[PDB]
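S.K.: The following block contains the structure, expressed as structure tokens.
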2 protein chains.
Amino acid sequence: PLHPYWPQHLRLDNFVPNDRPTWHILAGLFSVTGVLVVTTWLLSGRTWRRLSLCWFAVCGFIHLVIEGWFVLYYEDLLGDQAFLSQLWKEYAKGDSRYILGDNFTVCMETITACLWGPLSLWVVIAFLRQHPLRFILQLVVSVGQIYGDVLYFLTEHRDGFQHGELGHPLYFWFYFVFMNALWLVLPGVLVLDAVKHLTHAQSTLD
Amino acid sequence: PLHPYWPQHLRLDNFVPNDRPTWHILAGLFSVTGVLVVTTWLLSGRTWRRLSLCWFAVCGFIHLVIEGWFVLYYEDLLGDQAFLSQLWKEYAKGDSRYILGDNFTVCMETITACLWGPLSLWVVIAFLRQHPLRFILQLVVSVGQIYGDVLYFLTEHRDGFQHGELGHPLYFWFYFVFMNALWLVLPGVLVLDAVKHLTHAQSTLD
Ligand SMILES: CCN(CC)CCO[C@H]1CC[C@@]2(C)C(=CC[C@@H]3[C@@H]2CC[C@]2(C)C(=O)CC[C@@H]32)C1
Ligand SMILES: CCN(CC)CCO[C@H]1CC[C@@]2(C)C(=CC[C@@H]3[C@@H]2CC[C@]2(C)C(=O)CC[C@@H]32)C1
């Protein structure tokens, strides 16, 4: 095959295999995410909700930098761009169609980068002073994430999983199903959390 | 041309124009919506927030009946079905591609039928103080509606408004821009409402 993307009849000109190996991307992401998690842990310290703050920092980073990189630089598809573009080519080696610049993928991603990145960072920043809007922002960001991800799954399901090889453990099960299921489940828990707290605050008013 | 739908290269066999004229559909929906608004006003009696309740009842009605009708019967869309199917063909004469059964559109519509419809009825029920959840549900539903509508507009914009004639007063400006813009403007205002109240309720933390 000329390319690993599973709709193998795709004739992808301007396609260049990336010079940096995947372990480069893994090391870079692990290090940067560790730095963010540690720094946010310290800022929160100076119990679980501090972990949620670290989660929101990671989310803001992913939405703003990575997904923003996708929204800005499709369809470039040349590994001469940073390990962000190399990362996107690897994930597109996974199930989803991040090479074609699909209308929905670009639109959904632009919304999450422009809004949920900034709003997640606002969740963590304004959470450090226990501000009334905090549970509202946590709920809004988690609803937007759950909604975008549900549309993501629904669209690729009705498309018959055309994009990306089916059943594959790494590319389909870990990349497509698991991580996205994280953005389904974890903000779901956060939704339940924020709802319980906002309900308690609302019940007091009499 | 054999059909009025504007991607004029569309070769739509199995297309049958419905025998009922557009005034049939417009009168039917206008009357049923009047019935709903009046009955909901009476139920609220038994100021502005009562109008918001009537709005949410109308929203639940549209999401459940009309958009679920589309979600179930977006495949055949032959006017030999009730004035709902002809209603969808009439709207599809406008910009959007509700005849092709676009992969993205149905998915989005499914969500609004399955979630924002029932949740709107829960909003109107819970507003008579049956639960603190009334404002939370209002915020969740309005955020979801705004997200669906923004994705709708963005997706049709990147497509260059291919679907549906540009500039057309009735089909583009009234159907596509104006009506949908309601689900842009009104729930946005409603979000502000809940925020003002929810922030004040969260202000209770002392
Ligand atoms: C969050 C938005 N959702 C839809 C809502 C789209 C998915 O966003 C992806 C963003 C990149 C990233 C983290 C993904 C999982 C596996 C990672 C991949 C980055 C590159 C990695 C590190 C490798 O070299 C092997 C494992 C790969 C998730
Ligand atoms: C919020 C969801 N958004 C997508 C994000 C889709 C909006 O749902 C559509 C539901 C049918 C309806 C109301 C539409 C505009 C013009 C209406 C049309 C129905 C038939 C009408 C009444 C006529 O006979 C003349 C005016 C026509 C809006």
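In the structure tokens, each chain is lettered A, B, ... as it comes, each chain's residues begin at 1, and ligands are numbered from 1 in order of appearance.
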What residues have any atom no more than 6 Å from ligand 2 when counting only C-alpha atoms and all ligand atoms, and can you list them as a short mmCIF file (atom, residue, chain, number, x, y, z; two decimals) with C-alpha atoms, in the first residue's frame?
M.R.:
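Writing the result to result29.cif gives the following:
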data_model
loop_
_atom_site.label_atom_id
_atom_site.label_comp_id
_atom_site.auth_asym_id
_atom_site.auth_seq_id
_atom_site.Cartn_x
_atom_site.Cartn_y
_atom_site.Cartn_z
CA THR B 22 -47.37 24.69 1.42
CA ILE B 25 -48.24 22.64 6.28
CA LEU B 26 -47.83 26.24 7.44
CA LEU B 29 -47.98 23.91 12.32
CA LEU B 87 -43.03 19.47 5.78
CA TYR B 91 -37.86 22.72 4.43
CA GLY B 148 -26.11 21.61 17.36
CA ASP B 149 -27.12 24.80 15.56
CA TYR B 152 -25.21 22.99 11.48
CA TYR B 175 -35.99 28.82 6.30
CA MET B 179 -35.79 30.08 11.80
CA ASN B 180 -32.65 28.23 12.83
CA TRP B 183 -32.33 28.24 18.31
#
S.K.: Mind running chain A against ligand 1 at 9 Å and telling me each contacting residue's nearest atom pair with the distance in Å (one decimal), counting only C-alpha atoms and all ligand atoms, chain and number ascending, as JSON lines?
M.R.:
{"residue": "A:21", "atom": "CA", "partner": "ligand 1", "partner_atom_place_in_ligand_line": "24 (O)", "distance": 8.4}
{"residue": "A:22", "atom": "CA", "partner": "ligand 1", "partner_atom_place_in_ligand_line": "24 (O)", "distance": 4.7}
{"residue": "A:23", "atom": "CA", "partner": "ligand 1", "partner_atom_place_in_ligand_line": "24 (O)", "distance": 6.3}
{"residue": "A:24", "atom": "CA", "partner": "ligand 1", "partner_atom_place_in_ligand_line": "24 (O)", "distance": 7.6}
{"residue": "A:25", "atom": "CA", "partner": "ligand 1", "partner_atom_place_in_ligand_line": "24 (O)", "distance": 5.0}
{"residue": "A:26", "atom": "CA", "partner": "ligand 1", "partner_atom_place_in_ligand_line": "22 (C)", "distance": 4.6}
{"residue": "A:27", "atom": "CA", "partner": "ligand 1", "partner_atom_place_in_ligand_line": "22 (C)", "distance": 8.2}
{"residue": "A:28", "atom": "CA", "partner": "ligand 1", "partner_atom_place_in_ligand_line": "22 (C)", "distance": 8.5}
{"residue": "A:29", "atom": "CA", "partner": "ligand 1", "partner_atom_place_in_ligand_line": "22 (C)", "distance": 6.2}
{"residue": "A:30", "atom": "CA", "partner": "ligand 1", "partner_atom_place_in_ligand_line": "22 (C)", "distance": 7.9}
{"residue": "A:59", "atom": "CA", "partner": "ligand 1", "partner_atom_place_in_ligand_line": "1 (C)", "distance": 7.7}
{"residue": "A:62", "atom": "CA", "partner": "ligand 1", "partner_atom_place_in_ligand_line": "10 (C)", "distance": 6.7}
{"residue": "A:63", "atom": "CA", "partner": "ligand 1", "partner_atom_place_in_ligand_line": "1 (C)", "distance": 7.0}
{"residue": "A:66", "atom": "CA", "partner": "ligand 1", "partner_atom_place_in_ligand_line": "10 (C)", "distance": 6.9}
{"residue": "A:67", "atom": "CA", "partner": "ligand 1", "partner_atom_place_in_ligand_line": "10 (C)", "distance": 7.2}
{"residue": "A:84", "atom": "CA", "partner": "ligand 1", "partner_atom_place_in_ligand_line": "19 (C)", "distance": 8.4}
{"residue": "A:86", "atom": "CA", "partner": "ligand 1", "partner_atom_place_in_ligand_line": "20 (C)", "distance": 8.2}
{"residue": "A:87", "atom": "CA", "partner": "ligand 1", "partner_atom_place_in_ligand_line": "20 (C)", "distance": 4.7}
{"residue": "A:88", "atom": "CA", "partner": "ligand 1", "partner_atom_place_in_ligand_line": "11 (C)", "distance": 6.8}
{"residue": "A:89", "atom": "CA", "partner": "ligand 1", "partner_atom_place_in_ligand_line": "20 (C)", "distance": 8.7}
{"residue": "A:90", "atom": "CA", "partner": "ligand 1", "partner_atom_place_in_ligand_line": "24 (O)", "distance": 6.0}
{"residue": "A:91", "atom": "CA", "partner": "ligand 1", "partner_atom_place_in_ligand_line": "18 (C)", "distance": 5.6}
{"residue": "A:94", "atom": "CA", "partner": "ligand 1", "partner_atom_place_in_ligand_line": "16 (C)", "distance": 8.6}
{"residue": "A:96", "atom": "CA", "partner": "ligand 1", "partner_atom_place_in_ligand_line": "6 (C)", "distance": 8.5}
{"residue": "A:105", "atom": "CA", "partner": "ligand 1", "partner_atom_place_in_ligand_line": "4 (C)", "distance": 8.9}
{"residue": "A:108", "atom": "CA", "partner": "ligand 1", "partner_atom_place_in_ligand_line": "5 (C)", "distance": 8.6}
{"residue": "A:109", "atom": "CA", "partner": "ligand 1", "partner_atom_place_in_ligand_line": "2 (C)", "distance": 7.7}
{"residue": "A:112", "atom": "CA", "partner": "ligand 1", "partner_atom_place_in_ligand_line": "2 (C)", "distance": 8.3}
{"residue": "A:145", "atom": "CA", "partner": "ligand 1", "partner_atom_place_in_ligand_line": "5 (C)", "distance": 6.4}
{"residue": "A:146", "atom": "CA", "partner": "ligand 1", "partner_atom_place_in_ligand_line": "5 (C)", "distance": 7.7}
{"residue": "A:147", "atom": "CA", "partner": "ligand 1", "partner_atom_place_in_ligand_line": "5 (C)", "distance": 8.8}
{"residue": "A:148", "atom": "CA", "partner": "ligand 1", "partner_atom_place_in_ligand_line": "5 (C)", "distance": 6.1}
{"residue": "A:149", "atom": "CA", "partner": "ligand 1", "partner_atom_place_in_ligand_line": "5 (C)", "distance": 4.4}
{"residue": "A:150", "atom": "CA", "partner": "ligand 1", "partner_atom_place_in_ligand_line": "5 (C)", "distance": 8.2}
{"residue": "A:151", "atom": "CA", "partner": "ligand 1", "partner_atom_place_in_ligand_line": "5 (C)", "distance": 9.0}
{"residue": "A:152", "atom": "CA", "partner": "ligand 1", "partner_atom_place_in_ligand_line": "4 (C)", "distance": 6.7}
{"residue": "A:153", "atom": "CA", "partner": "ligand 1", "partner_atom_place_in_ligand_line": "4 (C)", "distance": 8.8}
{"residue": "A:170", "atom": "CA", "partner": "ligand 1", "partner_atom_place_in_ligand_line": "25 (C)", "distance": 8.5}
{"residue": "A:171", "atom": "CA", "partner": "ligand 1", "partner_atom_place_in_ligand_line": "16 (C)", "distance": 8.8}
{"residue": "A:174", "atom": "CA", "partner": "ligand 1", "partner_atom_place_in_ligand_line": "16 (C)", "distance": 7.2}
{"residue": "A:175", "atom": "CA", "partner": "ligand 1", "partner_atom_place_in_ligand_line": "16 (C)", "distance": 4.9}
{"residue": "A:176", "atom": "CA", "partner": "ligand 1", "partner_atom_place_in_ligand_line": "7 (C)", "distance": 7.3}
{"residue": "A:178", "atom": "CA", "partner": "ligand 1", "partner_atom_place_in_ligand_line": "15 (C)", "distance": 8.1}
{"residue": "A:179", "atom": "CA", "partner": "ligand 1", "partner_atom_place_in_ligand_line": "15 (C)", "distance": 5.3}
{"residue": "A:180", "atom": "CA", "partner": "ligand 1", "partner_atom_place_in_ligand_line": "4 (C)", "distance": 5.3}
{"residue": "A:181", "atom": "CA", "partner": "ligand 1", "partner_atom_place_in_ligand_line": "5 (C)", "distance": 8.5}
{"residue": "A:182", "atom": "CA", "partner": "ligand 1", "partner_atom_place_in_ligand_line": "1 (C)", "distance": 8.4}
{"residue": "A:183", "atom": "CA", "partner": "ligand 1", "partner_atom_place_in_ligand_line": "5 (C)", "distance": 6.0}
{"residue": "A:184", "atom": "CA", "partner": "ligand 1", "partner_atom_place_in_ligand_line": "5 (C)", "distance": 8.0}
S.K.: Given only C-alpha atoms as the basis, pick out the residue of A:190, A:121, A:113, A:137 nearest to chain B.
M.R.: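 Of A:190, A:121, A:113, A:137, the one nearest chain B, counting only C-alpha atoms, is A:137.
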S.K.: Dump as a VMD selection string the residues of chain A that approach chain B to within 12 Å, counting only C-alpha atoms.
M.R.: chain A and resid 101 to 112 115 to 116 130 to 160 191 to 192 194 to 206
S.K.: Do you have the CA of residue 55 in chain B-CA of residue 37 in chain B distance handy?
M.R.: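 Separating CA of residue 55 in chain B from CA of residue 37 in chain B is a distance of 7.6 Å.
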S.K.: Do you have the CA of residue 172 in chain A-CA of residue 51 in chain A distance handy?
M.R.: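 CA of residue 51 in chain A lies at a distance of 28.3 Å from CA of residue 172 in chain A.
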